[PDB]
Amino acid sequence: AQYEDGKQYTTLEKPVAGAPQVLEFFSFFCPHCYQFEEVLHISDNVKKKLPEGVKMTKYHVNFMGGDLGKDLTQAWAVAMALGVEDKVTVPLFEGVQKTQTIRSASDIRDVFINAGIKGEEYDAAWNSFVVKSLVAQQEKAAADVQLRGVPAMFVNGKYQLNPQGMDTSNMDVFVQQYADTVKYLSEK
């Protein structure tokens, strides 16, 4: 077959019911996640190939980067709560991995301030139970799949993308294979 269980994707032995349609996990400490975001634009290219009926979710993980990694999961909850993901993703990746200027929770906050989020608004969100609930949702979704690595993408709590077998000589072809695989899996 063109798409084969075990090749372009794997099938979870323990399927997760009630899972998001398309669920991505990442860490701002994760080098391939940096590539997925600013080099490949995986999420946008996946979105462009799905109908308006399939929704996309993207969650941060705790298991990379120690204390700061956990701070970044809470900051990502702030980004989701305020709807400013598109404003802070590139600066957070650059701050962690390129300039290495993000070393503390205050340095994370600075990225939001520079992106135009008011300080009192960031602080209110950071300390809010709405954000605490989003942190809990991110942790529970990762735990449901016993997640041990990023980047990772899951379709309908049933299928996990397997990019390792794909040709990476051309980046545009790789991204297209990835998105077409997500589309195929979403249609199963």
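The term rigid core refers to the most C-alpha atoms you can superpose between the two forms while keeping them within 1.5 Å. Start at 1 and count along the sequence shown; that's the residue number.
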Higher-deviation segment by CA RMS in 5 other deposited structures of this protein, core fitted, 50-58 or 120-128: 50-58
Superpose on the core, then say which of 144-152 and 159-167 ends up with the larger RMS Cα offset from this form in 5 other deposited structures of this protein. 159-167
Comparing 113-121 with 75-83, the higher average Cα temperature factor in the PDB entry belongs to 113-121
Read off the CA B-factors in the entry, average them over 50-58 and over 152-160, and name the higher stretch. 50-58
Which of these has the highest Cα B-factor in the record: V145, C33, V130, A136? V145
Going by the deposited entry, which of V173, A179, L23, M166 has the highest CA temperature factor? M166
